[PDB]
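> Show me the folded form of this:
(2 chains, ligands or ions: 4)
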Amino acid sequence: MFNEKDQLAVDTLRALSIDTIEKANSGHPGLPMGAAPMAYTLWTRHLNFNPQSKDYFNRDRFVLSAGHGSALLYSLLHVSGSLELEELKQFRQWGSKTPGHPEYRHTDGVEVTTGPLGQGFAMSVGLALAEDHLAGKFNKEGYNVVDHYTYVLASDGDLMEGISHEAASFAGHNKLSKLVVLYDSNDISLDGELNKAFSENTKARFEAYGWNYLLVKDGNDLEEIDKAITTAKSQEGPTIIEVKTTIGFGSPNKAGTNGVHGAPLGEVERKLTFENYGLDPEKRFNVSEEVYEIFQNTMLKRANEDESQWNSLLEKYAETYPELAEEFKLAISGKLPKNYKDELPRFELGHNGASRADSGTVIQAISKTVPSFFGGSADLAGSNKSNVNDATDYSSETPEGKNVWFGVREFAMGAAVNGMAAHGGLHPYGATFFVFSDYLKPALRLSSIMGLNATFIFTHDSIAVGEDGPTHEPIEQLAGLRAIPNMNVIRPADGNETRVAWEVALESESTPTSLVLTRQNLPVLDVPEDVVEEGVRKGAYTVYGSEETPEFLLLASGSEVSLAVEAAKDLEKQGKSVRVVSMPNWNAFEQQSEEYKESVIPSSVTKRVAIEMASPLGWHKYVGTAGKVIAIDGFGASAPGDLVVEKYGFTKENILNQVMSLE
Amino acid sequence: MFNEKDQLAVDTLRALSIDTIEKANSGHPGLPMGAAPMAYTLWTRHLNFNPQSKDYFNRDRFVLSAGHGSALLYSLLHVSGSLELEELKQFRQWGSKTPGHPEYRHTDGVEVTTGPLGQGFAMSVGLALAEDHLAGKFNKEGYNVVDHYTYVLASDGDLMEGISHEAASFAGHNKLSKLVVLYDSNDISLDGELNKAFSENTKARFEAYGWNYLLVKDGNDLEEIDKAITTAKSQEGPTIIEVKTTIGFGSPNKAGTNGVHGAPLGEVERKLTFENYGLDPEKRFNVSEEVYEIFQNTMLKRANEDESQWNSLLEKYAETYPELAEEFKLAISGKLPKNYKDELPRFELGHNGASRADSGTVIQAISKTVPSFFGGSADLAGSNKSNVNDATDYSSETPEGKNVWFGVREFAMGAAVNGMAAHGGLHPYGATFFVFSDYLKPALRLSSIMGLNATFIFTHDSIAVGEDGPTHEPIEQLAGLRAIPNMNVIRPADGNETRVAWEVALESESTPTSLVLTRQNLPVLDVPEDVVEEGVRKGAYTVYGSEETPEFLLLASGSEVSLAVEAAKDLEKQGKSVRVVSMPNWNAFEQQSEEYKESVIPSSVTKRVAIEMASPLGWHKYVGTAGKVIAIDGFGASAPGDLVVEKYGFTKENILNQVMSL
Ligand SMILES: Cc1ncc(C[n+]2csc(CCOP(=O)(O)OP(=O)(O)O)c2C)c(N)n1
Ligand SMILES: Cc1ncc(C[n+]2csc(CCOP(=O)(O)OP(=O)(O)O)c2C)c(N)n1
Ligand SMILES: [Mg+2]
Ligand SMILES: [Mg+2]
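Numbering: from 1, shown residues only, chains lettered A, B, ... in the order given. Ligands and ions are numbered 1, 2, ... in the order given. For reference, the structure is listed below:
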């Protein structure tokens, strides 16, 4: 079913990609040269996607995990009627809609921001996860309201990365059938031939994960690829197709070598490659009207008709199942139920609750009030208290279940939460220990680059963890996460603060949120509720004292705020003026006005002291030149948590000694 | 042959672990109880290890990747004579040599610190890699001076982690035949049963990696395990042995559950369990002298004879290959050849070079002069310029090769560098892009906790990468690394700074070093070489000016130092006093005398300003309440690198405008 016109379209894509890279004198020709046939077959024969109707909720989700092949994607998006030839001509240039690695929200049709290898694949696992769960919740007899595939195009670097192993295990265990991977196997990487570091059977590996495997012997044979995709679509497990291609196909002097991977060909080699393709070298950025026409008559019309039929089905779904239809529209919009906050827990004085336990209570409330809430833990739900006890577990037999068992796969869990957030219809969260945030720190960065409403529960935040030792006690993680732009790192001081931090995490549509929680019982603070909501939303607020300019201004976060307050009292009892300020979220505080910033932390107070059970880094911004920081400068210790905390300076008397000794 | 005395030994190990966890009211009984037979078989019958002579270089290296089974290890170390019973009676207590997870250098005979899952397994891969490379370099005919095995005890969680996939791929591709993994397959995890998140075929997976597979069906059958280990030692690839064990075996009511995984048994269940073991529930911390005798007659005698033969073989080695034996001993001592730095590159005024290129020049000198240098890149050696051009690539056929090809395996690479540092005899190094330093951050943390002389080459450090875009352009990595205790993060300003940075990196016997290098060309500065060598070592030094208190103190790291210098000059000819300061390593500067710190960054100068193409976080410590931080509080952009740098404010004119606005 493939003609010479189809080959003309394929080689047009290749020529376009390399003219783009040639103009920029920057880019990666190899993968776009080698993958153009399978990408063409996918887009024109299967993919239900219109890059113009970029938000069709039942659209197939295609992800290019190999971000360095961005040109190909852009070329595709141009011949499908969403991206101009001028943006291609402005490749890797300032302000362009065609950045070097594909970016979400910047280019229409780019579903997730890719580049860092393996992450696109795991985010695609997350997208398919969201698909299965939403279908399990909403679909009825003859009302397949959620039914679409998840396609990903990956390279050798993707499968050399362990996050691929983690995500593929999770996908095969839960039988995510609508996930299809197209693996460009070119036996070449950046530094040379793949047989220098890689030698393994993708077949046996992925069949051991529970996957289906298909081998395409010639990546240029469009028919073999088409059959592989169709079979993969009719199968019960996740499926990977190892399309065997030659990197830099068409180039005589640079094919099958590392040189074509990430360096421009040059006009000489581009000329010879064009000769091999049967295209005019002298004409640049040329696309035949037949090429545009083919995409118009195949993918675009098919996607339009799928969207139209889905809209009709939904109009009937609203009549037969009205409540579900309203809830589904609210889910797609990402809006939260009105007055959901009104059912969130109120903690009263005399309560001594760990931030993880109070988070668990709030989560019990959120699963009831917000039907889009979805997530789980990395085999630490007993320790993270991230389970909904009134809900079932997600599985192949129970796709509607609202608790996910990610397993000891934290990086993949983060990328999966990111893919779920990119999919839409869900409010996703993932849980682990704060000290193991380091495992998924790349995912977090992508979440902050894309601006995903993903929430990351991190418990066990300090040396108060205790007996589990320095490997399990965080010191430097808060500062690293605070350094990530657009990252809400909220460390609540008590249960009420935890509730408001959850509210921030749910309503933050453009900002990912890490919740840094504790395992030790924290004291509930006598700050009225009004002030807590406002102050957690503004990052830092006064919890004790009325004098804007005092002798002593004590800054604290999380487990320390109560301690700070205690110290304040003693200072007051010896004729010293003092104010105690909680700083749950530094990001929110730096978003506020200079007036509020100087009302909470006047730079006029020279004796400013901060107290945190973490690294000092970043605190001298808020204490000044003549202020002091009481923190942890080394690693932790294996001993009961109270003892470790006391030995590391965080006792009221040592704070008093430090504060009174200062100037 | 296995007597009932061997069974008494195994059950004494179990009882001792249970009692330690009971007294601490903290810890994990499950892995001790279930894997005591296999640990006993390996330690008493195969392991050439004396915990008392913990530094015997040809010892068999054992790693417990399942740190939560700490008690078991401690019990072994107590029956082997290295650890006192009174230490086990202080499990997870302040100042004890028995912390909750195994800690290297804090307890005798713990080869690496574990607890974080998968990292012990990958560090074991790195240990075996060091073994093979040292054997390829030093072993001669009849002089097998490096010939020992690397064993690792691992759990289900170690294999769900992707670092395991990476490291096992590396080990199967490179035929690390002397690596044996014992996999505790209890089909149970912390949150519950393994069938709720995990369903793989370990045999198919690891045989796809290029590994050998063995299945021990009865985890309590010591002879099955003995035969498994003998066969694993005889095979030509890395071997995993799946040992099917019941988690918390011997407990009537808690066995086969996730509850016995991380909670003390309780005294009631303890009594019932001791009855199943045939032990007296009244006696606590009771080891029969038969068990001590078994471990004395087996592992200790054999390990000491092994070491005696090794010492004699080294004495003969020194006669037959003197120079090579002296180099072997210097490598074991962890020392550097004297006057090595004399052969290191010198860059002069008018040199414009990227930190990766001058790095590579230095590296090409180091490998020639420092014979213990070893490392490679994660498929970026062409970019990082970490390749030793005069040398061969490491492989199964050429284990003497000094260039390692890790592939796209950053976390496994950092863990392998750490294992090499632990092994001894190597000066291991790693290389990738700074932005992907996050892929190996957990390994960096353990490098810092353990105090390993590891060196991590991080190139492409700023928004000057350019067209690759925001996901490949570092912003916040510098700050997250600088917060890691015991981590030397060095950002050289020119190539001379890069040479001194490499010297510090190699001479840092107890602190790991991360080198942050630039893709774009940096100009060489007019500071004299002595000032560079002193200042990079002291972490901060003045590169421009003479007045201790000027009107303006410019602070910078790397690419912007020169920028600051130029700005200073213009500032000067608008009638101001300026001093420009380079801060390549904060860890070194904080380590100095306050007198020096005030001489370089005085608190008396109100108008202090920092210029660094990274996050602001951490810089207000040095610019004070009234200073300014010119940095980046957002992500990067895909465009020609110079254009990104200029659009992000890092031109001389924007610095002058903001500085005179202050
Ligand atoms: C985690 C990560 N490490 C490193 C890189 C840099 N990088 C981009 S492409 C590449 C080569 C990997 O080869 P492959 O993906 O097989 O490329 P192909 O030949 O198909 O173009 C590398 C190291 C990256 N993007 N992400
Ligand atoms: C990276 C990381 N994530 C989580 C933990 C904590 N944790 C969760 S499950 C688990 C046990 C994994 O081994 P498993 O096979 O479940 O152990 P067993 O049943 O033999 O005790 C650990 C240590 C950890 N130590 N490191
Ligand atoms: Mg490849
Ligand atoms: Mg287990």
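> For ligand 2, see how far away the most centrally placed residue in chain A is.
In chain A, the centroid-proximal residue (CA atoms, centre = their mean) is residue A:418; its distance is 2.9 Å. Applying CB to the nearest ligand atom, to the nearest Å, the value for residue A:418 to ligand 2 is 19 Å. To be clear about C-beta, it is placed using only N, CA and C from the backbone, and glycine gets the same treatment.
> For that residue, what are phi and psi?
Residue A:418 adopts backbone torsions of phi -70, psi -40, taken as degrees, to the nearest 10.
> so it touches residue A:443, yeah?
Yes: the criterion here is CB atoms under 8 Å, and residue A:418 meets it with residue A:443 at 5.8 Å.
> For residue A:654, which non-adjacent residue is closest in space?
Of all residues not flanking residue A:654 in the chain, residue A:630 sits nearest, at 7.7 Å (CB to CB, 6 or more residues apart in numbering or on different chains).
> Who does that neighbour form a beta bridge with?
residue A:611 (DSSP bridges).
> residues in contact with it?
Taking CB atoms under 8 Å, 6 or more residues apart in numbering or on different chains as the criterion, residue A:630 is in contact with A:609-612, A:649-650, A:654-655, A:658.
> Just send those back as a markdown table, with neighbour count too.
Putting the contacts of residue A:630 into a markdown table (neighbours: other CB atoms under 10 Å in any protein chain shown) gives the following:
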| residue | neighbour count |
| --- | --- |
| A:609 | 24 |
| A:610 | 26 |
| A:611 | 26 |
| A:612 | 25 |
| A:649 | 16 |
| A:650 | 22 |
| A:654 | 15 |
| A:655 | 25 |
| A:658 | 16 |
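> and which of these is nearest to residue A:254?
Distance to residue A:254 across the contacts of residue A:630 (CB to CB) is lowest for residue A:612, with 54.5 Å.
> wait, is residue A:543 part of a strand?
Yes: counting by DSSP: H, G, I helix; E, B strand; the rest coil, residue A:543 is part of a strand.
> pretty sure it is in contact with residue A:560, am I right?
No: Residue A:543 lies out of contact with residue A:560 (CB under 8 Å); the separation is 11.3 Å.
> Give me the more crowded residue out of those two.
residue A:560 (29 against 25; other CB atoms under 10 Å in any protein chain shown).
> how about residue A:321, phi and psi?
The phi/psi pair for residue A:321 (degrees, to the nearest 10) is phi -130, psi 80.
> That one: what's it in contact with?
Taking CB under 8 Å, 6+ apart, one finds A:140, A:143 in contact with residue A:321.
> For residue B:30, see how far away it is.
From residue A:321 over to residue B:30 the distance is 47 Å, taken as CB to CB, to the nearest Å.
> closest point of chain A to chain B, which residue?
For chain A and chain B, the shortest gap (CB to the nearest CB) falls at residue A:162, measuring 1.9 Å.
> Could you count how many residues lie near that residue?
30.
> so what's it closest to, chain neighbours aside?
Nearest to residue A:162 is residue B:162, by CB to CB, 6+ apart, at 1.9 Å.
> quick one, domains of chain A?
A:4-304, A:340-523, A:539-661 (automatic domain parsing).
> Buried deepest among those, which one?
domain A:340-523 (a mean of 24; mean count of other CB atoms under 10 Å in any protein chain shown).
> anything in that one near ligand 4?
No: between domain A:340-523 and ligand 4, judged by CB under 5 Å from the ion, nothing touches; the nearest distance is 9.7 Å.
> out of the contacts of residue A:630, which one sits closest to ligand 1?
Closest to ligand 1 out of the contacts of residue A:630 is residue A:612 (31.9 Å), distances taken as CB to the nearest ligand atom.
> ok, now how distant is residue A:163 from ligand 1?
9 Å.
> which outside residues touch stretch A:250-259?
A:11, A:14, A:29, A:33, A:186, A:188-193, A:246-249, A:260, A:265, A:269, A:272-273, A:276-277, B:382.
> Great, nothing more from me.
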